[PDB]
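These notes concern the structure reproduced below.
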Amino acid sequence: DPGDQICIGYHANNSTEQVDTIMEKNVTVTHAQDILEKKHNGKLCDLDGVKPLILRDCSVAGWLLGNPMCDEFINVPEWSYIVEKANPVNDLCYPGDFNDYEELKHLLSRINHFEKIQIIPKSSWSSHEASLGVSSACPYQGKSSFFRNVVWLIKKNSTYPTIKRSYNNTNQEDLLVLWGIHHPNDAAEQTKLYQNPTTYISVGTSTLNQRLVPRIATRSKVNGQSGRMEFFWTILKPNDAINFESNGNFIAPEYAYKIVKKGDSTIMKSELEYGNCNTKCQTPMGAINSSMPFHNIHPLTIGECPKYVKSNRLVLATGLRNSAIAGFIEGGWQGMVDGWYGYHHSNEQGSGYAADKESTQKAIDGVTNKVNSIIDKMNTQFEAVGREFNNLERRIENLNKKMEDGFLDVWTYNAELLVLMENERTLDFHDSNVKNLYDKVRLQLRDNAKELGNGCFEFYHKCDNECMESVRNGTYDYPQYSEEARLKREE
Amino acid sequence: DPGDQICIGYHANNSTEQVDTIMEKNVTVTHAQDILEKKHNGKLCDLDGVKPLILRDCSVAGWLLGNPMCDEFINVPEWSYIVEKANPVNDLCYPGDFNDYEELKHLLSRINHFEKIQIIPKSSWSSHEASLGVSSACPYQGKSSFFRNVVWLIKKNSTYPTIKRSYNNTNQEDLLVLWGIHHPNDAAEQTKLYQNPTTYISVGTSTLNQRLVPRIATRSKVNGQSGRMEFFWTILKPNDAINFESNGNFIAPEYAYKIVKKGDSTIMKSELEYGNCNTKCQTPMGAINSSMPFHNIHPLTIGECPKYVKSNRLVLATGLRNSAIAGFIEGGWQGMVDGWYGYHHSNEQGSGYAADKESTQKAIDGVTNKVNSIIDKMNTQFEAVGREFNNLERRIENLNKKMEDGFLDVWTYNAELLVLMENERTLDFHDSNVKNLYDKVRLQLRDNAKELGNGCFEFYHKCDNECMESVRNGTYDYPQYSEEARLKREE
Amino acid sequence: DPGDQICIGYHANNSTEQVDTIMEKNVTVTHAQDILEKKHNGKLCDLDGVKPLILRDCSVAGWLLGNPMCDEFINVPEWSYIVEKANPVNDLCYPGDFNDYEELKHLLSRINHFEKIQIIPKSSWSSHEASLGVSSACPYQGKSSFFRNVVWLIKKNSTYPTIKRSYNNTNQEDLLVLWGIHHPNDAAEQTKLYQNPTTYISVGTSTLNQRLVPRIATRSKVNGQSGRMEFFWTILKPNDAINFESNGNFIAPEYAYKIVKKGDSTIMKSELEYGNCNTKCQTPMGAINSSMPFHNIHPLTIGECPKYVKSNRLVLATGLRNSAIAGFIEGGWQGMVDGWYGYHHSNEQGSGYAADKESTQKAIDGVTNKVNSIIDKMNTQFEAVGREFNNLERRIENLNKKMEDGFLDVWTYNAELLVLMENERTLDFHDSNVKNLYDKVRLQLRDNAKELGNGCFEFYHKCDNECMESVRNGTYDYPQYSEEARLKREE
Ligand SMILES: *[C@@H]1O[C@H](CO)[C@@H](O)[C@H](O)[C@H]1NC(C)=O
Ligand SMILES: *[C@@H]1O[C@H](CO)[C@@H](O)[C@H](O)[C@H]1NC(C)=O
Ligand SMILES: *[C@@H]1O[C@H](CO)[C@@H](O)[C@H](O)[C@H]1NC(C)=O
Ligand SMILES: *[C@@H]1O[C@H](CO)[C@@H](O)[C@H](O)[C@H]1NC(C)=O
Ligand SMILES: *[C@@H]1O[C@H](CO)[C@@H](O)[C@H](O)[C@H]1NC(C)=O
Ligand SMILES: *[C@@H]1O[C@H](CO)[C@@H](O)[C@H](O)[C@H]1NC(C)=O
Ligand SMILES: *[C@@H]1O[C@H](CO)[C@@H](O)[C@H](O)[C@H]1NC(C)=O
Ligand SMILES: *[C@@H]1O[C@H](CO)[C@@H](O)[C@H](O)[C@H]1NC(C)=O
Ligand SMILES: *[C@@H]1O[C@H](CO)[C@@H](O)[C@H](O)[C@H]1NC(C)=O
Ligand SMILES: *[C@@H]1O[C@H](CO)[C@@H](O)[C@H](O)[C@H]1NC(C)=O
Ligand SMILES: *[C@@H]1O[C@H](CO)[C@@H](O)[C@H](O)[C@H]1NC(C)=O
Ligand SMILES: *[C@@H]1O[C@H](CO)[C@@H](O)[C@H](O)[C@H]1NC(C)=O
């Protein structure tokens, strides 16, 4: 009238955070953690502390050959990736084609050292015209002009003597060398420009064995020209020489490029500002600080990135199902201001709440380990995802699409089910911890107290604050009170 | 003598449906659901409401050029995919080669609009022979003939003047244009056919810059010809012109094809009848209504398909382990005609079975949610799987095989373990629900009744049908009977 | 004083074997099994009972053409894969190129039958020089020499008549035929060697339609030659003929190769000894007997292999958490020398340990089934992983890298979490089995004994060894002792 009491119960709070499990939707929970990265900085950034190469309105081709309308950032000796606009304004001012263009973009995606040099001075042309090779297709300061890295040689007096030029690569580094051939409209143009009606370009290294022959066709005007310019490149290994021989139609090197190459990346299509940030993952829509194992921003990423996933939310339960003084069978305790599982007692020293420190620590460590495993076990490797295939490589681009789509389907499904399965395991862990605590107490107390059916025991003997602590400590001395208990019990 | 009784127990039935778990094989279960699609309709069907293109005995090449032995369905202005036989009877009647053939099949796999038109009338050949270009390799109505979409021009009198033809594309749509070159056997044939011993074909668009030259070799007879015909194509963008120039050996366009292209598919190898069905997934062996997330019919599918898996059965447990009146510790109740978990009682108003409505609904919703998650979380995207690589692309076909084989191994393993893990979780859920119901009752009754050890409680007081309902309702009033209970108990 | 007693408890031993779970690191456990293969035999071995082709210091090209410095194992009529060193010493002694080289290596990776034969005797050259075609680039026994499978024809007197040779393939098998063209340095060399200044090679089959033309360029010396030799191949189907015609610059077949092809493999880069072993999985670092579903040795494998994974350990718990006489609530029993779960009893016939045979068998079968599922459900297919793409195929090699890296990330993550999740399920199964055994006993004994709170019951009646067995058997007769129990109880 009335006896001393101890109750088992769990934490509750005012949280509205919701989570899904394999079996229940929209379960309200004490605390939750999102493992899906959804936030980008809306900028292009250095990658592992190396600037990109941003081509505002130029193609790689335009930029390499010196399309004179390409007003770009000139000096820039290394880069981690390249940014082009989808359809750049300035490409090949004089219409034509670039041989093995996509393989060269890929080779240039990421460069350790890049230094333009002069291999063949424009002034070294004594027996040909080095300053007439100019077109209204390639305008400079209003006047007709041409690509600035490469010379369109014309006949002098009425003569085009055979050209022979060797360049020996006396640098420490590989050289990227560029040249071209002119395909004219007809035999009149051919001889008006080069005198000789039948011409060739021959090029040789230790590797290269090339003979080019001009092609006449009747072609549509592009930039008001029916002619075409076709461009070619090689890498001249550090102790080799390249030997040019031509009769006509030769678009000669002036400037070449020293390059040092240490692994690849790709070409990103984006309209964004550079932003002086560093990052380990870049996206066409912005960079990411990538602690999380999953993201949903954009597929075409470069760096060490979370796995890309078709998903709005991946939320893990970390806390509990959120819902005298009755115990656990009736719901949670707002009064349990601290701890996850514990007690409410009432004796003659008064009443209150006490956390089970041991079982609460066990559980917080467990849930923290669960979240850290799901994050830390993720293998995260460098990759560069772009669209590097032209419109006669559609079968290979389709091969690339099945693979990308395949990994998206696998990661999306596996992340969704992983969250649903582990959410259900977590909520069931909390049920199992509460029920184990009740049994911890039931087994210590035996007949020295009575189960009230609501999560509480009423004692058959005076249990002061020290007896209470022994119960919470698992050190309750049953023999020391069996006598007193038995007397009140028999009655 | 004898006291009133309440028992906890679970549903049983006459089911022989078997399931596997991570720990036990061949467990008999109340109800189960297969998540592996195994049934096809044995037909080729429209795809998302668009007919295929079925080529009964023709190759794409034969069909485009008009091999005169190709007796196909003529009128057909759009299609979703193409069906060829493995080795079609009718290919190139006059032996030769088709330039970039596989890339063109891929481009034609799926077409929004397809309308043949005349660009160069057969009658517009005033100074050459338009009706002699005919071969016993290409038989029509018993008489010697040729491809019907393309003209084999021959010399007239003893003369082959230079041809110049422009066609300006004055249509709204892209044009697919086709032409060829004849490689003859020797210099006699060359001049017997074209008069001029040294010939070329030149072709120009805004894109194209082609010069073809015939090649003599000594070649084996094929369809009784040692000559070869080599074929070429381009897409003429809507405001461009194509310009032909030839000296000899020219196989001229007559008919070209207006095309509109909105995304790709592939070419399916199959021997099946069309069947007037629609579908969202087609297979070389039949279509599929694809609610399920997995199938085992065939890898080479087109559409939004289940994931392909090497597996005979993926069966999920949805029901229970299948096995006075004793309770749960002795097995299931055939008499529990309705509900999953519940009660059997006997008092002076009589005996019978009653379902625990609340815990049964909880569990049915849970299991239904589990099955719906495993199905609905599957990301399902359009894909087209074929064999599009020729016998000098074996390295790329091997790349495609590692990828396909890789996704099969991942999905097969993950589906098998997913079913085994969740089956074990489901059966353990049922054990946990039954044991919780027993404890729900044990905790309400306390000492007003005695545990019989078999899943039953014998009451120490008269419990009429209304007292019984309060127990099942969780509203049992212990104080209202503790008096009566205590008297029968002490004795 | 004192009463008979029965206790529930579990196996313990001196094991230090550690395991991780999703929630706890470094848990000590009774027994564990590694599912990660980490051991190789450091040798190259037959594959499914077929020898490899080991090229000690030769390239495939060198080996096919007969580079005279290639001192290899000569006779070898079938192989399962090819081994090259990274950069072989002996390649093309006379510098040049091999047309479609990588596709030919791939075709030759695995061969059912390989027999060299003579198609064109060196002696059958009556009107040309068959023994002058020799170079100081291609040294034999100190003297100048050449490739031994192929003849470098030179002019005789001062004449190079047109060559015409047919070879009809009168064998049962496909023929691999090899030829070349010589690109000389200048027009002097051209006529010094072949007399005729303007030359060609023409080659025809039912398939092939080739015309080769030599190319002059000014080229760097390689092996002290500025000339280049370019090589070509076809497969001559069993009833076809190949027809050669040349004017000059012809490197003629002498020997060709009968081949039978039944599926592909690849080319392995390795420095290892052959070792007379068989195997179903080979690695650049050694073979594997591949019972396990995962390995961490090397990615570039050939055969039916475990999945490659970035991981040091994948260890599964198979045993238990490892830790009067008190029962389970206080820890495990070293004395439980046999069985997993069971009993300790003490009556007047004496004390000791007894295994619960039924529940121990249930659990051992369960854990054995778990381990066997995780291993046996793995789909294991033939695959051949190499680096088959040249330095103008970098985009495709990058496509191959994303795919390989993608499957490594998926398998590594999924294996790690699979072990952590199932470890946690296994340890929780053991807790659940022990607690169920205690309740099995509590429910049989009811008030005929008292819970001591430590995992033990003290009986209220004499329980001899036969009464004890009925408890362990689940056949304990409560009525047969309720009388005796009640007397000692009331007191
Ligand atoms: C879950 O909650 C959201 C509201 O935030 C609601 O739109 C949704 O319909 C709820 N229920 C289910 C079953 O998804
Ligand atoms: C071209 O250059 C000068 C005339 O300015 C003359 O000496 C030379 O021979 C000229 N050649 C011809 C053939 O007109
Ligand atoms: C084709 O005709 C159109 C309309 O007459 C004209 O504008 C266009 O320039 C022509 N195309 C070419 C390249 O001549
Ligand atoms: C537990 O509680 C009792 C009573 O307060 C105290 O005397 C004892 O120091 C504690 N024992 C342990 C092992 O913490
Ligand atoms: C399971 O059941 C089938 C009979 O339907 C039988 O073939 C099989 O051997 C059984 N047992 C096991 C262990 O697979
Ligand atoms: C071919 O056509 C007619 C004869 O039918 C004649 O006028 C023409 O000049 C002929 N040409 C030759 C060179 O025979
Ligand atoms: C090769 O010889 C066979 C058998 O004599 C013959 O039937 C075949 O026609 C020949 N092949 C060619 C293309 O000449
Ligand atoms: C439960 O059962 C009792 C007894 O039949 C009934 O009076 C009461 O209406 C029910 N209570 C609830 C909350 O359903
Ligand atoms: C686990 O055990 C190893 C010693 O074998 C130790 O290096 C490691 O730090 C331990 N703890 C954790 C948290 O990894
Ligand atoms: C080459 O061979 C012999 C001389 O040994 C001679 O009969 C033949 O005509 C020679 N040809 C020439 C043109 O010198
Ligand atoms: C280039 O010059 C270097 C150094 O003078 C020389 O050794 C080398 O042979 C030259 N290369 C060629 C191929 O001439
Ligand atoms: C179990 O134990 C009792 C007592 O030893 C024995 O008589 C009986 O044969 C056993 N019963 C069964 C079903 O094994």
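Naming convention: chains lettered A, B, ... in sequence-line order (proteins, then strands); numbering from 1 in each chain. Read the numbers this way: they start at 1 and go in the same order the structure lists the ligands and their atoms.
Taking each of B:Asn26, C:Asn369, B:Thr16 in turn, the one with a heavy atom nearest to atom 14 (O) of ligand 5 proves to be B:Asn26.
Taking the side chain as every heavy atom from C-beta outward, B:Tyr460 and B:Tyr481 never approach each other to under 4.5 Å.
Atom 11 (N) of ligand 5 is approached by the protein to below 4.0 angstrom, counting heavy atoms only. By the definition of a contact as any protein heavy atom under 4.0 Å away, atom 2 (O) of ligand 11 is in contact.
Here the heavy atom of the protein found nearest to atom 5 (O) of ligand 5 is B:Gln18 NE2, 4.8 Å. Given atom 7 (O) of ligand 11, the protein heavy atom at minimum distance is A:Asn239 OD1, 4.0 Å. In terms of protein heavy-atom proximity, atom 13 (C) of ligand 8 is nearest to B:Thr475 CG2, 4.2 Å.
Close N/O approach between C:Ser220 and ligand 11 is not found [any backbone or side-chain N/O within under 3.5 Å]. For ligand 11, the polar-atom distance check finds an N/O of A:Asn168 within less than 3.5 Å of one of the ligand's N/O atoms.
In terms of heavy atoms, C:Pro184 sits closest to C:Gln190 at CG-OE1, 3.4 Å.
Aromatic ring centres of B:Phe459 and B:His461: separated by under 6.0 Å. In summary, the aromatic rings of B:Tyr438 and B:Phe328 are positioned with their centroids under 6.0 Å apart. Between B:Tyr353 and B:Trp333, the ring centre distance stays below 6.0 Å.
The aromatic rings of B:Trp340 and B:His430 sit perpendicular to each other, their planes meeting at more than 60°, with 30° as the lower class boundary.
Every atom of ligand 8 is numbered from 1 in the order shown, and the set under 4.0 Å from a heavy atom of B:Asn473 is 1 (C), 2 (O), 3 (C), 8 (C), 10 (C), 11 (N), 12 (C), 14 (O).
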